[PDB]
Amino acid sequence: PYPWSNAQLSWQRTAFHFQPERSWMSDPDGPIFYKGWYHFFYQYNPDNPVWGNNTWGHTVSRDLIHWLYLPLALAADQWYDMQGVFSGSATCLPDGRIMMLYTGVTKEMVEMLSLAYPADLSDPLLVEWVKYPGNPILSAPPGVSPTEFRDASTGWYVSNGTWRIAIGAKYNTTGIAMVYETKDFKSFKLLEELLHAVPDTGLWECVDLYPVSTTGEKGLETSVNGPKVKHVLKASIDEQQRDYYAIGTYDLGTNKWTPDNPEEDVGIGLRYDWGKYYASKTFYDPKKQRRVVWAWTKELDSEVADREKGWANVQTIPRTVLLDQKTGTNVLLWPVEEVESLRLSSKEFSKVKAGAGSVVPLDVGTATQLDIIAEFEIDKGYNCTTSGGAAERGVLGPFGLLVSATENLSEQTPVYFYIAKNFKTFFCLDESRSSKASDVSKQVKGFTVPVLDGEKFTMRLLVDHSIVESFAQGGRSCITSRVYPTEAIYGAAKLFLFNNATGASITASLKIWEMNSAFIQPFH
Ligand SMILES: *[C@@H]1O[C@H](CO)[C@@H](O[C@@H]2O[C@H](CO)[C@@H](O[C@@H]3O[C@H](CO)[C@@H](O)[C@H](O)[C@@H]3O)[C@H](O)[C@H]2NC(C)=O)[C@H](O[C@@H]2O[C@@H](C)[C@@H](O)[C@@H](O)[C@@H]2O)[C@H]1NC(C)=O
Ligand SMILES: *[C@@H]1O[C@H](CO)[C@@H](O[C@@H]2O[C@H](CO)[C@@H](O[C@@H]3O[C@H](CO)[C@@H](O)[C@H](O)[C@@H]3O)[C@H](O)[C@H]2NC(C)=O)[C@H](O)[C@H]1NC(C)=O
Ligand SMILES: *[C@@H]1O[C@H](CO)[C@@H](O[C@@H]2O[C@H](CO)[C@@H](O)[C@H](O)[C@H]2NC(C)=O)[C@H](O[C@@H]2O[C@@H](C)[C@@H](O)[C@@H](O)[C@@H]2O)[C@H]1NC(C)=O
Ligand SMILES: *[C@@H]1O[C@H](CO)[C@@H](O)[C@H](O[C@@H]2O[C@@H](C)[C@@H](O)[C@@H](O)[C@@H]2O)[C@H]1NC(C)=O
């Protein structure tokens with residue numbers, strides 16, 4: 001174990017990502033927009049920076065960036081939720097009501113669905129929450145374990161007052177999504193037809209089903225269906241602690257979701273993010289007509305270090321979700337536009353040359369709170385995970401940026417493109433030399449990314465102390481990770497352009513913004 005100093009640990013706290021004042025935070029819960037405020041709830045341990053004693057924290061903002069702490073929303077305080085309050089989804093009804101479904105756990109570890117709602121709908125801040133006196137409302141059916149019956153989705157409307165929700169589970173090694181019908185969100189009936197199932201995935205947690213447009217650049221309200229509408233089906237794959245999605249079609253008549261590509265079905269195809277990114281939940285934003293995705297990123301250091309610093313885990317910056325209309329076969333994820341309100345000043349680097357085996361310093365001053373947009377051109381089998389990262393030199397890769405780096409590269413975090421031979425483009429993030437400390441993650445993360453005719457290779461990086469978020473080709477591929485440098489901290493952190501290819505030189509242009517604090521604080 002590394003002997004972390006107070007100064008090394010203090011630096012790890014983020015400037016502009018959501019995290020509570022102290023302690024453990026994890027899964028997103030019941031995100032909504034209501035009466036001028038974006039609302040976010042989250043799993044929270046009041047006692048220690050480890051998983052447990054599960055309650056719901058609550059925060060609000062005008063803009064998805066400038067968060068304000070509110071009082072705890074739900075506590076573990078009844079027999080049916082004494083071992084924790086978990087994974088909630090809100091359904092907002094036409095009459096103005098907000099119905100919050102959650103999973104409560106008993107002393108025996110038995111999981112059951114329960115209902116909560118606001119004490120006062122006239123309160124824009126929704127400070128106080130009440131539990132339905134008829135709780136608990138739903139226990140596991142005969143085919144599903146009562147200790148693994150969790151995570152109701154946001155509802156979608158059918159007809160004649162009937163709504164549907166999804167609950168993920170498994171049968172043996174096959175992941176499944178069950179559907180229940182309700183008219184009041186107090187009593188539920190299980191449908192005979194599953195929404196969908198995929199063999200050899202294991203348990204599906206946190207199932208999400210939502211419409212996306214094939215024509216516009218707006219998100220769609222959750223109950224929208226029709227001819228120019230496709231549906232994303234998403235599941236958190238428990239055995240992998242990773243989130244997978246697929247694009248398909250949902251039929252209200254049959255209650256079946258069918259994949260456009262069975263080879264890329266839920267759990268065996270595309271991910272929202274190829275890094276550390278879990279329990280994602282979307283909601284519809286009526287203010288700017290967007291669909292927004294929340295997800296948490298666990299610490300990648302030791303539990304010993306977490307207990308010493310007194311906190312664990314952060315949320316990514318929320319992202320929009322749209323269908324990629326250029327390909328038709330993936331989604332695009334991109335940080336919400338309000339993140340740009342943090343941009344202080346910019347510096348531009350135009351047509352910088354990097355020959356084979358070169359490293360080029362980029363003088364930006366402090367390099368710990370940044371938004372970076374870069375484009376690369378090559379002047380006139382492989383797998384990120386099993387590769388040697390930036391050290392594995394090929395004819396047409398690797399090339400990209402070094403973030404969280406020292407002057408002499410004693411520590412560095414490469415984010416790069418690698419073109420392999422029909423050519424494939426890989427986009428990867430290399431943790432192998434991110435820190436001199438031995439008890440942190442040292443993996444290479446990534447995947448292929450589609451690069452279309454005439455397109456430059458493009459990446460955007462958000463750098464914020466111990467979290468880095470990366471985006472290729474406008475969000476066709478994303479990679480999120482955590483870094484814990486021992487030396488590349490405060491003024492000692494630097495930024496570089498690099499090209500470790502053997503048979504290509506590159507030309508790059510960059511624009512880099514220093515980023516302000518989000519000033520996350522208590523509501524007054
Ligand atoms: C690129 O290389 C990586 C590393 O080898 C591949 O990921 C690995 O895939 C294995 C399956 O081929 C996984 O094995 C499983 O291990 C767990 C226990 O850890 C078992 O419970 C389970 O039954 C499997 O045996 C392995 O976990 C996984 N390693 C990592 C670090 O993720 C990768 O394969 C691709 O990703 C994985 C996650 C699966 O989705 C595969 O279907 C998929 O091919 C390689 N990529 C490619 C394109 O081949
Ligand atoms: C560009 O590619 C070269 C060639 O692979 C990289 O240099 C190589 O860097 C690796 C990793 O630092 C060296 O491997 C060794 O790893 C062990 C740990 O297992 C360590 O104890 C050694 O001290 C050493 O670091 C390797 O020797 C070195 N190879 C050569 C020929 O110099 C280079 O780092 C890459 N550039 C960038 C910016 O990443
Ligand atoms: C999960 O795996 C179990 C073990 O293979 C399945 O039970 C087996 O089902 C066979 C018929 O498909 C039957 O010959 C075996 O005797 C039986 N084995 C045991 C130990 O029960 C199970 O299949 C479900 O449960 C059985 C009893 C039948 O009702 C099937 O129709 C069910 O599918 C597997 N579960 C699923 C959902 O596939
Ligand atoms: C949840 O709260 C309870 C009661 O307040 C605490 O006892 C738990 O603390 C942990 O468990 C006890 C028995 C002891 O081992 C202590 O060292 C632990 O911190 C607390 N649990 C968690 C996971 O924070």
# chains A, B, ... in the order shown; residues from 1 in each chain; ligands from 1
$ closest_atom_pairs --of "chain A" --to "ligand 2" --cutoff "9 Å" --atoms "only C-alpha atoms and all ligand atoms" --output "CSV"
residue,atom,partner,partner_atom_place_in_ligand_line,distance
A:357,CA,ligand 2,1 (C),6.5
A:358,CA,ligand 2,38 (C),7.8
A:359,CA,ligand 2,38 (C),6.6
A:388,CA,ligand 2,5 (O),7.9
A:389,CA,ligand 2,39 (O),7.7
A:390,CA,ligand 2,39 (O),4.4
A:391,CA,ligand 2,5 (O),3.7
A:392,CA,ligand 2,5 (O),5.3
A:393,CA,ligand 2,2 (O),5.7
A:398,CA,ligand 2,1 (C),8.4
A:399,CA,ligand 2,38 (C),8.9
A:401,CA,ligand 2,38 (C),8.9
A:402,CA,ligand 2,38 (C),7.4
A:409,CA,ligand 2,38 (C),7.6
A:410,CA,ligand 2,12 (O),8.6
A:412,CA,ligand 2,39 (O),7.8
A:413,CA,ligand 2,39 (O),8.7
A:414,CA,ligand 2,39 (O),7.2
A:432,CA,ligand 2,11 (C),8.5
A:433,CA,ligand 2,12 (O),7.3
A:496,CA,ligand 2,38 (C),8.9
A:497,CA,ligand 2,38 (C),8.9
A:498,CA,ligand 2,38 (C),6.1
A:499,CA,ligand 2,38 (C),7.5
A:500,CA,ligand 2,1 (C),5.0
A:501,CA,ligand 2,1 (C),8.1
$ residues_near_ligand --ligand "ligand 3" --cutoff "12 Å" --atoms "only C-alpha atoms and all ligand atoms" --output "number ranges by chain"
A: 142-144, 169-176, 194, 197-200
$ write_last_selection --atoms "N, CA and C atoms" --output "mmCIF file, in the first residue's frame"
data_model
loop_
_atom_site.group_PDB
_atom_site.id
_atom_site.type_symbol
_atom_site.label_atom_id
_atom_site.label_comp_id
_atom_site.auth_asym_id
_atom_site.auth_seq_id
_atom_site.Cartn_x
_atom_site.Cartn_y
_atom_site.Cartn_z
ATOM 1 N N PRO A 142 -42.964 -16.612 -8.642
ATOM 2 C CA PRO A 142 -42.362 -17.931 -8.409
ATOM 3 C C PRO A 142 -41.040 -18.203 -9.143
ATOM 4 N N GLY A 143 -40.857 -17.610 -10.320
ATOM 5 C CA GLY A 143 -39.669 -17.873 -11.135
ATOM 6 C C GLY A 143 -38.429 -17.044 -10.826
ATOM 7 N N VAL A 144 -38.531 -16.125 -9.864
ATOM 8 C CA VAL A 144 -37.435 -15.199 -9.532
ATOM 9 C C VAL A 144 -37.124 -15.224 -8.027
ATOM 10 N N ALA A 169 -34.319 -9.174 -14.283
ATOM 11 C CA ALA A 169 -33.948 -10.326 -13.458
ATOM 12 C C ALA A 169 -33.131 -11.315 -14.297
ATOM 13 N N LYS A 170 -33.181 -12.597 -13.936
ATOM 14 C CA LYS A 170 -32.601 -13.657 -14.762
ATOM 15 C C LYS A 170 -33.362 -14.965 -14.590
ATOM 16 N N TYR A 171 -33.283 -15.827 -15.601
ATOM 17 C CA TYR A 171 -33.624 -17.238 -15.445
ATOM 18 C C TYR A 171 -32.345 -18.020 -15.727
ATOM 19 N N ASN A 172 -31.799 -18.676 -14.702
ATOM 20 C CA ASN A 172 -30.486 -19.333 -14.802
ATOM 21 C C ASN A 172 -29.411 -18.338 -15.268
ATOM 22 N N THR A 173 -28.793 -18.571 -16.425
ATOM 23 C CA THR A 173 -27.775 -17.634 -16.932
ATOM 24 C C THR A 173 -28.319 -16.632 -17.960
ATOM 25 N N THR A 174 -29.619 -16.713 -18.246
ATOM 26 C CA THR A 174 -30.272 -15.825 -19.213
ATOM 27 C C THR A 174 -30.805 -14.551 -18.547
ATOM 28 N N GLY A 175 -30.347 -13.388 -19.008
ATOM 29 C CA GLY A 175 -30.875 -12.111 -18.519
ATOM 30 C C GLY A 175 -32.259 -11.845 -19.085
ATOM 31 N N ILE A 176 -33.158 -11.324 -18.251
ATOM 32 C CA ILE A 176 -34.550 -11.072 -18.661
ATOM 33 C C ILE A 176 -35.058 -9.702 -18.202
ATOM 34 N N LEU A 194 -42.386 -11.679 -21.689
ATOM 35 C CA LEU A 194 -41.229 -10.872 -21.295
ATOM 36 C C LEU A 194 -40.995 -9.769 -22.324
ATOM 37 N N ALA A 197 -35.240 -11.139 -23.647
ATOM 38 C CA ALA A 197 -34.287 -11.974 -22.912
ATOM 39 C C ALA A 197 -33.060 -12.256 -23.779
ATOM 40 N N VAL A 198 -31.890 -12.363 -23.147
ATOM 41 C CA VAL A 198 -30.637 -12.691 -23.850
ATOM 42 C C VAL A 198 -29.838 -13.755 -23.080
ATOM 43 N N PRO A 199 -29.528 -14.896 -23.732
ATOM 44 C CA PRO A 199 -28.774 -15.955 -23.043
ATOM 45 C C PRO A 199 -27.347 -15.558 -22.654
ATOM 46 N N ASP A 200 -26.851 -16.175 -21.580
ATOM 47 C CA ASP A 200 -25.453 -16.064 -21.126
ATOM 48 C C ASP A 200 -24.998 -14.658 -20.709
#
$ residues_near_ligand --ligand "ligand 1" --cutoff "12 Å" --atoms "only C-alpha atoms and all ligand atoms" --output "CSV table (one decimal) with N, CA, C and O atoms, in the first residue's frame"
chain,number,residue,atom,x,y,z
A,173,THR,N,-28.8,-18.6,-16.4
A,173,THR,CA,-27.8,-17.6,-16.9
A,173,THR,C,-28.3,-16.6,-18.0
A,173,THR,O,-27.6,-15.8,-18.5
A,200,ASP,N,-26.9,-16.2,-21.6
A,200,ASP,CA,-25.5,-16.1,-21.1
A,200,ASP,C,-25.0,-14.7,-20.7
A,200,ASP,O,-23.8,-14.3,-20.9
A,201,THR,N,-25.9,-13.8,-20.2
A,201,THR,CA,-25.6,-12.5,-19.7
A,201,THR,C,-25.5,-12.4,-18.2
A,201,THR,O,-24.8,-11.6,-17.6
A,202,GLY,N,-26.3,-13.3,-17.5
A,202,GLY,CA,-26.6,-13.2,-16.1
A,202,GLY,C,-27.6,-12.1,-15.8
A,202,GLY,O,-28.2,-11.5,-16.7
A,237,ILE,N,-25.3,-4.8,-16.4
A,237,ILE,CA,-24.9,-6.3,-16.3
A,237,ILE,C,-24.1,-6.5,-15.0
A,237,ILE,O,-22.9,-6.2,-15.0
A,238,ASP,N,-24.8,-7.0,-14.0
A,238,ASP,CA,-24.3,-7.2,-12.7
A,238,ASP,C,-23.0,-7.9,-12.6
A,238,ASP,O,-22.0,-7.5,-11.9
A,239,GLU,N,-22.8,-9.0,-13.3
A,239,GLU,CA,-21.6,-9.8,-13.3
A,239,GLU,C,-20.4,-9.1,-13.8
A,239,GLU,O,-19.3,-9.4,-13.4
A,240,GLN,N,-20.6,-8.1,-14.7
A,240,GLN,CA,-19.5,-7.3,-15.3
A,240,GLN,C,-19.3,-5.9,-14.6
A,240,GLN,O,-18.3,-5.3,-14.8
A,241,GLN,N,-20.4,-5.5,-13.9
A,241,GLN,CA,-20.5,-4.1,-13.4
A,241,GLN,C,-20.3,-3.1,-14.5
A,241,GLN,O,-19.5,-2.1,-14.4
A,242,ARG,N,-20.9,-3.4,-15.6
A,242,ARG,CA,-20.9,-2.5,-16.9
A,242,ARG,C,-22.3,-2.4,-17.5
A,242,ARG,O,-23.1,-3.3,-17.3
A,243,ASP,N,-22.5,-1.3,-18.1
A,243,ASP,CA,-23.8,-1.0,-18.7
A,243,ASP,C,-23.8,-1.2,-20.3
A,243,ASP,O,-22.9,-0.7,-21.0
A,244,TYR,N,-24.8,-2.0,-20.7
A,244,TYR,CA,-24.9,-2.3,-22.2
A,244,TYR,C,-26.3,-1.8,-22.7
A,244,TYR,O,-27.2,-1.8,-22.0
A,263,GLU,N,-26.8,-9.8,-33.1
A,263,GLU,CA,-25.4,-10.0,-32.8
A,263,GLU,C,-24.9,-8.9,-31.8
A,263,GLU,O,-23.9,-9.1,-31.1
A,264,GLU,N,-25.6,-7.8,-31.7
A,264,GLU,CA,-25.3,-6.8,-30.8
A,264,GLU,C,-26.4,-6.6,-29.7
A,264,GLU,O,-26.7,-5.4,-29.3
A,265,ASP,N,-27.1,-7.6,-29.3
A,265,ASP,CA,-28.2,-7.6,-28.4
A,265,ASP,C,-27.7,-7.1,-27.0
A,265,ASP,O,-26.5,-7.0,-26.8
A,266,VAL,N,-28.7,-6.8,-26.1
A,266,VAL,CA,-28.4,-6.3,-24.8
A,266,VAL,C,-27.5,-7.3,-24.0
A,266,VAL,O,-27.8,-8.4,-23.8
A,267,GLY,N,-26.3,-6.7,-23.6
A,267,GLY,CA,-25.3,-7.5,-22.9
A,267,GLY,C,-24.2,-8.1,-23.7
A,267,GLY,O,-23.2,-8.6,-23.1
A,268,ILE,N,-24.4,-8.1,-25.0
A,268,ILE,CA,-23.4,-8.7,-25.9
A,268,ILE,C,-23.0,-7.8,-27.0
A,268,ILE,O,-22.4,-8.2,-28.0
A,269,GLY,N,-23.3,-6.5,-26.9
A,269,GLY,CA,-23.1,-5.5,-28.0
A,269,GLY,C,-22.4,-4.2,-27.4
A,269,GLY,O,-21.4,-4.3,-26.7
A,270,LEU,N,-23.0,-3.1,-27.7
A,270,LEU,CA,-22.5,-1.8,-27.4
A,270,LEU,C,-22.7,-1.4,-26.0
A,270,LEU,O,-23.6,-1.8,-25.3
A,271,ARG,N,-21.7,-0.5,-25.5
A,271,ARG,CA,-21.8,0.1,-24.2
A,271,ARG,C,-21.9,1.6,-24.3
A,271,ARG,O,-21.4,2.2,-25.3
A,274,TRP,N,-17.0,2.7,-22.3
A,274,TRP,CA,-16.1,1.6,-22.2
A,274,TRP,C,-15.1,1.6,-21.0
A,274,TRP,O,-14.3,0.7,-20.8
A,275,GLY,N,-15.3,2.6,-20.1
A,275,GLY,CA,-14.6,2.7,-18.9
A,275,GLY,C,-15.4,2.3,-17.6
A,275,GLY,O,-16.1,1.3,-17.6
A,276,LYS,N,-15.2,3.1,-16.5
A,276,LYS,CA,-15.9,2.8,-15.3
A,276,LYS,C,-17.1,3.7,-15.2
A,276,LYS,O,-17.0,4.9,-15.1
A,381,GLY,N,-6.2,-10.1,-33.6
A,381,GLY,CA,-5.8,-8.7,-33.9
A,381,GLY,C,-5.8,-7.8,-32.7
A,381,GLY,O,-5.9,-8.2,-31.6
A,382,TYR,N,-5.6,-6.5,-33.0
A,382,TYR,CA,-5.5,-5.4,-31.9
A,382,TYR,C,-6.8,-5.4,-31.1
A,382,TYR,O,-7.9,-5.6,-31.5
A,383,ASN,N,-6.5,-5.1,-29.8
A,383,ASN,CA,-7.6,-5.0,-28.8
A,383,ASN,C,-7.0,-4.1,-27.7
A,383,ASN,O,-6.0,-4.5,-27.1
A,384,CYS,N,-7.7,-3.0,-27.4
A,384,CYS,CA,-7.2,-2.0,-26.4
A,384,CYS,C,-6.8,-2.7,-25.1
A,384,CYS,O,-5.7,-2.5,-24.5
A,385,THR,N,-7.7,-3.6,-24.6
A,385,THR,CA,-7.6,-4.3,-23.3
A,385,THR,C,-6.3,-5.2,-23.2
A,385,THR,O,-5.7,-5.2,-22.1
A,386,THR,N,-6.0,-5.9,-24.2
A,386,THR,CA,-4.8,-6.8,-24.2
A,386,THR,C,-3.6,-6.1,-24.8
A,386,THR,O,-2.5,-6.8,-24.8
A,387,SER,N,-3.7,-4.9,-25.2
A,387,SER,CA,-2.5,-4.1,-25.7
A,387,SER,C,-1.6,-3.7,-24.7
A,387,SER,O,-1.9,-3.7,-23.5
A,388,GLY,N,-0.4,-3.2,-25.1
A,388,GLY,CA,0.6,-2.6,-24.2
A,388,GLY,C,0.3,-1.1,-24.0
A,388,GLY,O,1.2,-0.4,-23.6
A,424,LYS,N,-9.5,-0.6,-39.2
A,424,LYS,CA,-10.3,-0.3,-38.0
A,424,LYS,C,-9.7,0.8,-37.2
A,424,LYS,O,-8.4,0.8,-37.0
A,426,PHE,N,-9.3,2.3,-33.4
A,426,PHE,CA,-9.5,2.0,-31.9
A,426,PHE,C,-9.3,3.3,-31.2
A,426,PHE,O,-8.5,4.2,-31.5
A,428,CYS,N,-8.7,4.4,-27.1
A,428,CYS,CA,-8.3,3.8,-25.8
A,428,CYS,C,-7.8,4.8,-24.8
A,428,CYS,O,-7.4,5.9,-25.1
A,441,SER,N,-5.9,1.1,-10.0
A,441,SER,CA,-6.2,0.4,-11.3
A,441,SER,C,-5.1,0.7,-12.4
A,441,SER,O,-4.8,1.9,-12.6
A,442,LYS,N,-4.7,-0.3,-13.1
A,442,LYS,CA,-3.6,-0.2,-14.1
A,442,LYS,C,-4.0,-0.8,-15.5
A,442,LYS,O,-3.1,-1.3,-16.2
A,443,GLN,N,-5.3,-0.7,-15.8
A,443,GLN,CA,-5.8,-1.3,-17.0
A,443,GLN,C,-5.8,-0.4,-18.2
A,443,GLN,O,-5.7,0.8,-18.1
A,444,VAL,N,-5.8,-1.0,-19.4
A,444,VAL,CA,-6.1,-0.2,-20.7
A,444,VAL,C,-7.6,-0.5,-21.1
A,444,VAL,O,-8.0,-1.6,-21.1
A,445,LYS,N,-8.3,0.6,-21.3
A,445,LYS,CA,-9.7,0.5,-21.6
A,445,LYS,C,-10.0,1.0,-23.0
A,445,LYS,O,-9.2,1.8,-23.5
A,446,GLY,N,-11.1,0.6,-23.6
A,446,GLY,CA,-11.5,1.1,-24.9
A,446,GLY,C,-12.2,0.1,-25.9
A,446,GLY,O,-12.6,-0.9,-25.5
A,447,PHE,N,-12.3,0.5,-27.1
A,447,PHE,CA,-13.0,-0.2,-28.2
A,447,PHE,C,-12.8,0.4,-29.5
A,447,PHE,O,-12.0,1.4,-29.6
A,448,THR,N,-13.3,-0.2,-30.6
A,448,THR,CA,-13.3,0.5,-31.9
A,448,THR,C,-14.3,1.7,-31.8
A,448,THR,O,-15.1,1.8,-30.9
$ residues_near_ligand --ligand "ligand 4" --cutoff "6 Å" --atoms "only C-alpha atoms and all ligand atoms" --output "mmCIF file with C-alpha atoms, in the first residue's frame"
data_model
loop_
_atom_site.group_PDB
_atom_site.id
_atom_site.type_symbol
_atom_site.label_atom_id
_atom_site.label_comp_id
_atom_site.auth_asym_id
_atom_site.auth_seq_id
_atom_site.Cartn_x
_atom_site.Cartn_y
_atom_site.Cartn_z
ATOM 1 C CA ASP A 47 -21.744 6.506 8.241
ATOM 2 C CA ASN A 48 -18.714 5.355 6.192
ATOM 3 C CA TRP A 51 -21.267 0.574 0.468
ATOM 4 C CA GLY A 52 -24.010 0.107 3.068
ATOM 5 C CA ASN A 53 -26.689 1.566 5.356
#
$ closest_residue --among "A:67, A:334, A:11, A:376" --to "residue 352 (chain A)" --atoms "only C-alpha atoms"
A:376
$ residues_around --residues "residue 136 (chain A)" --least-positions-apart "5" --cutoff "7 Å" --atoms "only C-alpha atoms" --output "ChimeraX atom specification"
/A:80,112-114
$ closest_residue --among "A:411, A:348, A:379, A:208" --to "residue 509 (chain A)" --atoms "only C-alpha atoms"
A:348
$ closest_atom_pairs --of "region 209-304 of chain A" --to "region 316-332 of chain A" --cutoff "7 Å" --atoms "only C-alpha atoms" --output "tab-separated table"
residue	atom	partner	partner_atom	distance
A:212	CA	A:323	CA	6.4
A:213	CA	A:323	CA	6.8
A:214	CA	A:323	CA	6.8
A:219	CA	A:322	CA	6.7
A:290	CA	A:320	CA	6.5
A:291	CA	A:321	CA	5.6
A:292	CA	A:320	CA	4.5
A:293	CA	A:319	CA	5.3
A:294	CA	A:318	CA	5.3
A:295	CA	A:316	CA	6.1
A:296	CA	A:316	CA	6.1
A:297	CA	A:316	CA	6.7
$ closest_residue --among "A:453, A:431, A:273, A:260" --to "residue 477 (chain A)" --atoms "only C-alpha atoms"
A:273
$ select_by_dssp --residues "region 463-503 of chain A" --states "strand (DSSP E)" --output "MDAnalysis selection string"
chainID A and resid 463:464 467:472 477:482 494:499
$ select_by_dssp --residues "region 305-362 of chain A" --states "helix (DSSP H, G or I)" --output "JSON, numbers by chain"
{"A": [305, 306, 307, 308, 309, 337, 338, 339, 340, 341, 342]}
$ write_last_selection --atoms "C-alpha atoms" --output "compact mmCIF listing (two decimals), in the first residue's frame"
# COMPACT_ATOMS: atom_id res chain seq x y z
CA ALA A 305 -7.28 5.29 0.96
CA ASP A 306 -11.05 5.91 0.75
CA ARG A 307 -11.40 5.60 4.54
CA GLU A 308 -8.43 7.94 5.05
CA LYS A 309 -9.80 10.69 2.76
CA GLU A 337 -24.27 22.07 -22.96
CA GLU A 338 -24.39 23.83 -19.57
CA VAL A 339 -20.93 22.40 -18.76
CA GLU A 340 -19.65 25.08 -21.15
CA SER A 341 -20.73 27.73 -18.57
CA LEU A 342 -17.64 26.67 -16.55
$ closest_atom_pairs --of "region 34-95 of chain A" --to "region 126-133 of chain A" --cutoff "8 Å" --atoms "only C-alpha atoms" --output "CSV"
residue,atom,partner,partner_atom,distance
A:70,CA,A:127,CA,7.1
A:71,CA,A:127,CA,6.8
A:73,CA,A:129,CA,6.1
A:74,CA,A:129,CA,6.9
$ write_last_selection --atoms "N, CA, C and O atoms" --output "CSV table (one decimal), in the first residue's frame"
chain,number,residue,atom,x,y,z
A,70,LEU,N,-29.6,19.3,-0.5
A,70,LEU,CA,-30.9,19.4,0.2
A,70,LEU,C,-30.9,18.3,1.3
A,70,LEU,O,-30.0,17.5,1.4
A,71,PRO,N,-31.9,18.3,2.2
A,71,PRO,CA,-31.9,17.3,3.2
A,71,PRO,C,-32.1,15.9,2.7
A,71,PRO,O,-32.7,15.8,1.5
A,73,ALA,N,-33.6,12.5,1.5
A,73,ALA,CA,-35.0,12.3,1.0
A,73,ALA,C,-35.7,11.1,1.6
A,73,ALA,O,-36.9,11.1,2.0
A,74,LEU,N,-35.0,10.0,1.7
A,74,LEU,CA,-35.5,8.7,2.2
A,74,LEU,C,-34.5,8.0,3.1
A,74,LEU,O,-33.4,7.9,2.7
$ closest_residue --among "A:85, A:336, A:90, A:140" --to "residue 33 (chain A)" --atoms "only C-alpha atoms"
A:90
$ atom_distance --atom1 "CA of residue 521 (chain A)" --atom2 "CA of residue 59 (chain A)"
9.8 Å
$ closest_residue --among "A:103, A:184, A:222, A:152" --to "residue 235 (chain A)" --atoms "only C-alpha atoms"
A:152
$ closest_residue --among "A:10, A:350, A:470, A:106" --to "residue 482 (chain A)" --atoms "only C-alpha atoms"
A:470
$ atom_distance --atom1 "CA of residue 365 (chain A)" --atom2 "CA of residue 513 (chain A)"
10.8 Å
